[PDB]
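See below for the structure under consideration.
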Amino acid sequence: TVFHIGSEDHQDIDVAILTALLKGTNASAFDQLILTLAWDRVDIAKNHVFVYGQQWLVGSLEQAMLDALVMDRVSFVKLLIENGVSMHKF
Amino acid sequence: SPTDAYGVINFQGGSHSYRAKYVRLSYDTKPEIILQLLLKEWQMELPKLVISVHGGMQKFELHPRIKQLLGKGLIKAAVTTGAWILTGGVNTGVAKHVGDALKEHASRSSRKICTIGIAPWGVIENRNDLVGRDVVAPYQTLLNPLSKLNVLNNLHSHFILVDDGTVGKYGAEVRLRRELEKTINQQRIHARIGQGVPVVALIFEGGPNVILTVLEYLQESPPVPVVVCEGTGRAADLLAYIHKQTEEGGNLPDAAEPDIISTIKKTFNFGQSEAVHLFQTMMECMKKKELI
Amino acid sequence: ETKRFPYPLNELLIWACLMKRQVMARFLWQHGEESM
């Protein structure tokens, strides 16, 4: 990963250092979400995990909610609600 | 047979618990009873404007700046005029981006914006969890990966769903939208004003059947106008390109109909099967420029 | 089903308050009905 300085391509280096750990390293769609959670970085998760066409598995997403509620990760509760999770089913 | 599925299709909702309504009527219900339902039971007010949205299904990555202007612009026309936006309902294509535009510049102005969904009954994911009489229903907008089916858009307010041959069969909704558009235009816009309710059609990334839908309006009595916007990625941007090179009523400046037919088949592959025919449709659309 | 609850945002609001989780309690309060 190169950080092009001048064309605002792939903006400030923090997103680069962290997004670098998400690309390659295939790992899952899930584990990508879990890693942002431990870091408490929703901007990464929203933009670089909840991408268009991201094929989501089965209630793995629910298992993320269970992890966010314990950890007191409020903004990941908000996000997962917006992106399909149901408290009634959960 | 009895409609047997009418109530509240209240989406699970994300930030909110966005509500909605369903009736599941026939494919032969009369236009008088369709309207009668909307204002009597659902307690809707008569609109001073109708905006029908005909783009396509599966429209897939509207641009960044285009998203801002169309939304900000479309909400304003709707809230400032108390309008009914008519979409297809299915969360694929325009109905996605319309609901996206709502969410951006919401102002919870659903109070003043009554988006209505019209689709066939069967082509919709989780079809079976709605059957019943006056039933509050749950519904999951989970992007079920294996599902090639459609999902109803959470950011809508009403739904009318049209039976047909059966499940899978798609394209038996075109009549009801039109007959309703004729019906609303045959209502006076105010207790004091005699003119009928206007109808206008907006086009986002149209298509080889939409360019027949455009013509079908300009042939209509009265001739319903049409709006298009450039920056799209199918027929709207094309018929936008058709716009700049044409004179009033004229079919062509110095002949480029090979190059036009080249572009006609470039987007949707014809091979001069009927790419010529699509040109004479673009001909009659570049003709009546007093409504484009 | 039956192990579910009809109003889960109520069950979580009580949880967040018994666990002394105010920022979570405020969020869950805004979601659901009967806010007052």
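Both backbone and side-chain heavy atoms feed into the values below; hydrogens, waters and symmetry mates do not. Residue numbers start from 1 in every chain, and the chains themselves are labelled A, B, ... in the order their sequence lines are given, proteins ahead of strands.
Within the 4.5 angstrom heavy-atom criterion, only backbone atoms of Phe5(C) (N, CA, C, O) approach chain A.
Heavy-atom minimum distance, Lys89(A) versus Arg4(C): O-NE, 3.7 Å. Summarising the geometry of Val70(A) relative to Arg21(C), their closest heavy-atom pair is O-NH1, 3.1 Å, with the distance given to 0.1 Å.
Atoms CG and CE, from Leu69(A) and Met19(C) in turn, are 11.5 Å apart once rounded to the nearest 0.5 Å. Remark: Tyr7(C) OH to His88(A) NE2 distance equals 8.5 Å, nearest 0.5 Å. From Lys78(A), atom NZ reaches atom NE2 of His31(C) across 7.0 Å, with rounding to the nearest 0.5 Å.
Chain C forms the most heavy-atom pairs under 4.5 Å with one residue out of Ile81(A), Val77(A), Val74(A), and that residue is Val74(A).
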